[PDB]
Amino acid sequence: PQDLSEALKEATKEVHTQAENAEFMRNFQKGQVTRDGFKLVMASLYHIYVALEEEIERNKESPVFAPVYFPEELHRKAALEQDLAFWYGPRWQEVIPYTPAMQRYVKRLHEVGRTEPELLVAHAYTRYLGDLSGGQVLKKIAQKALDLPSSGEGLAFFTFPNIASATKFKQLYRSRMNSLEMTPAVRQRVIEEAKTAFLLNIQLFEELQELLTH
């Protein structure tokens, strides 16, 4: 559809279904996640968000990203550092895994941010709006399954404290995505990058599932 927000949703409809069907996702939705499995995901998300939010800061002024620049409402790096310190302890940054599928995702993020900053919106869309939509649902599953201590730590990633209403912000973010000035050629590449982003997520959760058994 003419609006980029609708165009991205239509284009990634099929790959989103693939993600829903993914083995780890099937297991998680039924509360079959272990602490090691959950730690593995938190570690992955950290690496992904470090790369993404590094590239966002590099391209925050540029007309190709500036309209969708919402650091205070969306940034997840700081929250993930807080959570990993709980999950992996004081030595978290030394001991956290960095696997091929994490590397490939991080690699693509840096490639986009450095050489194709016009497509960064596709990765920011895929990460932020996805994580915002499922944040509280995924948290509630994690709370039930993982049986945490009363330490008040470990799940900061799943709350966006500067977004009171997810629907309110998502409507604003979509409008800002639609406000982006781009040529027909760039627009098509943005669409393709969104599918690539979804596929990098699918490839990641497939790898994580493979690593968990055993």
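Quick note: we count residues from 1 along the sequence shown, nothing fancier. Basically, rigid core = biggest C-alpha set you can superpose within 1.5 Å across the two forms.
Higher-deviation stretch (C-alpha RMS, rigid core fit) in 5 other deposited structures of this protein, choosing from 158-166 and 58-66: Farther from the shown form on average in 5 other deposited structures of this protein: 158-166.
Higher C-alpha RMS shift from the shown form in 5 other deposited structures of this protein - 143-151 or 39-47, rigid core fit: Stretch with the higher C-alpha RMS distance in 5 other deposited structures of this protein: 143-151.
Return whichever of 49-57 and 32-40 has the greater mean Cα B factor according to the PDB record. Going by the record's values, the stretch with the higher mean is 32-40.
On average, which has the higher Cα B-factor in the deposited entry, 88-96 or 72-80? Mean B over CA atoms: larger for 88-96.
Per the PDB entry, which option out of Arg127, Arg114, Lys144, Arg104 has the greatest Cα B factor? Spelled out: the listed residue with the top C-alpha B-factor is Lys144.
Hey, what third does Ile202 fall into on Cα B-factor, ranked over its chain? Within its chain, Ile202 is a middle-third residue by C-alpha B-factor, going by the deposited values.
Could you say whether, by C-alpha temperature factor, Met182 belongs to the lowest, middle or highest third of its chain? Highest third.
Could you tell me which third, lowest, middle or highest, the C-alpha B-factor of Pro161 occupies within its chain? According to the entry, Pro161 has a C-alpha B-factor in the chain's lowest third.
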